[PDB]
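Trainee: Structure incoming, see below.
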Amino acid sequence: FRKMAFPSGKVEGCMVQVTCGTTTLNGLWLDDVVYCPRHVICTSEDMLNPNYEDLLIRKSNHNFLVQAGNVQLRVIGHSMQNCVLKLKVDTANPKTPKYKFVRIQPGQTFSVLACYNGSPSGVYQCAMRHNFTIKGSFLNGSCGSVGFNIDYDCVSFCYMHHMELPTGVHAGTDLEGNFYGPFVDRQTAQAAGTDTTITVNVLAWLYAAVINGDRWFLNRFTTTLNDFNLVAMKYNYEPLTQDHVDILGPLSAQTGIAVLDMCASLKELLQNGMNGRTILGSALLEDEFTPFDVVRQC
Amino acid sequence: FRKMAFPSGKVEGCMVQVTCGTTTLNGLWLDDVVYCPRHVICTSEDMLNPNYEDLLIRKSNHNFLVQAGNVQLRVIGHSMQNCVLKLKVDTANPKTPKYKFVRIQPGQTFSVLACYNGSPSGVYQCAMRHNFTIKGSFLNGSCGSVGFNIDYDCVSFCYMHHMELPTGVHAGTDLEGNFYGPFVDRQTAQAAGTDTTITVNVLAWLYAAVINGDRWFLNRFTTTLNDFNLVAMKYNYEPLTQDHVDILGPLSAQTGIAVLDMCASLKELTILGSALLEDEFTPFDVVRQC
Ligand SMILES: CC(C)(C)c1ccc(N(C(=O)c2c[nH]cn2)[C@@H](C(=O)NC2CCCCC2)c2cccnc2)cc1
Ligand SMILES: CC(C)(C)c1ccc(N(C(=O)c2c[nH]cn2)[C@@H](C(=O)NC2CCCCC2)c2cccnc2)cc1
């Protein structure tokens, strides 16, 4: 079992370079619109309290240099939507894939194509944490890299990257420009709140371990939903809901292990640790595979 | 720190479906040749001891069905090189990238594009282990999926997937049909040999840790190459060579921790969100991404 990303080709044919002033970062070129973080128009003295409406009104089309490979794209118009800037260009992208824009919830996973200067650098799998941050691998200039899923050759864009937080994690927006969580595109004192382990995902991963070869962690016990939550919250696990129990139903039915029986196994794993053993290759309980990801990989 | 694969677009464009009789798997379409495991001409009845030159002599061009997307490719010739089948087609691939066929060394990493029915399904990062297996994620029908590295628009293909071993690990060939490891494309009882941990990659990953926040494992001490290799033998770690040390040079500079200083640390032994010593990042992997 691997954390597997989606093949990135459909997104690669969309990545461009956007330069405004002395600042360069990445854009996403779909049809005749280039999307990028609006903070590309921030100046070095703007960074603490920029007024983006005032910064924008002072720009004309030619202040924005867009490059797709070696080809320069002529920007013919521009507007702002929440925290993303939309640059209208004279050419529709011939490589535009079937796509849609989605806003995802905590626990959801997606692939990230890390890019620099509009050129793709690497692809990895990621997840939206309950504190609305991303535990990414981003260097300076990665802004405008996007996160996505691919389902039936339609690309679901769910994340555009904006900034790094003090603890090394990352904040960004959906493709309508609205931030995940309470962060702002502003040099400021903001920090990610406390984060929880994603209980529904850990349970999905235990079922995946059963689907493959391992039953060593099961036990003969069961538990009520409330007792499970009272224990698991003592380890900073996210409370399990009735929705999460319904969601695990198909894996439960597939393996023959009731959801609350699997909850009993998890309670014990938290109590004992793994005692030198491994589950699917890991000595930690993994929480970035969803019930959907499990069914896909098997 | 994340396990990250190369962008896969240049390779996605080369994947086709190959059917011979009742069997289907994936092929690599470069210029006007499709590459795939020769065991696609095996049938269910003769899995135990195929005679491949015989099965191929009895074959004709029309025995092979090649589909690139929804376009059927007309096969105009067939040929075998070691354990890979080469199907000549009448159309060069307009999406062929700059490429080379390369053969990698144990401890080197590559990206894998897992496919089913010629269709790219996912991408992930792998390492060639010292027992010449791959700890991959491959379902039935993944045969024909390739591994690769990219070096400024040139795709170096290093792996084609053939089969799974009973421990759940995987065996394949380079693109010239030469197996990695003592494995045969036969329904036989073969197993992976004992697997050592890749010591130079573990050290590289510790340097990646120091480069980020994690510094707690460092110490004031140093070991000798020989005293460490004595501990390495105990714990089934690959012995460390002067070549491994020289290759970690750049990272030893960037941190001020000499290899034998880090080796003292590694002797004593969460470090990057892991409670295992990770050994599938090369020195080069660490320098990239960082
Ligand atoms: C203008 C604004 C909103 C303050 C800003 C400034 C710099 C960036 N960062 C760019 O690298 C960058 C910016 N523009 C082109 N590149 C980096 C970044 O977040 N440093 C933060 C440092 C503390 C205060 C807030 C910004 C970055 C590094 C690694 C991965 N992701 C992003 C992002 C946003
Ligand atoms: C003809 C030959 C060499 C015996 C063979 C037969 C089946 C396959 N396997 C195909 O899935 C497959 C084959 N052709 C189309 N699909 C599976 C496989 O490796 N081993 C079985 C056969 C060898 C002995 C025991 C297990 C497989 C591959 C990748 C991931 N999980 C399972 C590979 C090679």
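If you go along the chain as it appears here, the first residue is 1 and each next one adds 1.
According to its header, this structure was worked out by X-ray crystallography, 2.1 Å.
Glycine too: its Cβ is placed from the backbone N, Cα and C atoms.
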Trainee: From A:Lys88, A:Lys234, A:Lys267, name the one Swiss-Prot lists as ubiquitin cross-link.
Mentor: A:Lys88
Trainee: Could you tell me which of the recorded positions A:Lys3, A:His39, A:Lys88, A:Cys143 sit with their CB under 8 A from some CB of chain B, listed in sequence order (or 'none')?
Mentor: A:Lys3
Trainee: Restricting to the chain of A:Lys3 (ubiquitin cross-link) and a gap of 6 or more, list residues whose Cβ falls under 8 Å of its Cβ, or answer none.
Mentor: A:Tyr124, A:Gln125, A:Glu288, A:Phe289
Trainee: In angstrom units, rounded to an integer, how far apart are the Cα atoms of A:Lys88 (ubiquitin cross-link) and A:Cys143 (active site, nucleophile)?
Mentor: 19
Trainee: So, in DSSP terms, is A:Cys143 (active site, nucleophile) helix, strand, or coil?
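Mentor: A:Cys143 (active site, nucleophile) sits in coil per DSSP, no helix or strand.
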Trainee: If you draw a 10 Å sphere on the Cβ of A:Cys143 (active site, nucleophile), how many other Cβ atoms land inside?
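Mentor: I get 26 for this one.
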Trainee: Just how many other Cβ atoms lie inside 10 Å of the Cβ on A:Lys88 (ubiquitin cross-link)?
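Mentor: Within a 10 Å radius of the Cβ of A:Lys88 (ubiquitin cross-link) lie 15 other Cβ atoms.
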Trainee: Fill in the CA-CA distance, A:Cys143 (active site, nucleophile) to A:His39 (active site, for 3CL-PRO activity), as an integer in Å.
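Mentor: Taking the Cα atoms only, A:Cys143 (active site, nucleophile) lies 9 Å from A:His39 (active site, for 3CL-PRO activity).
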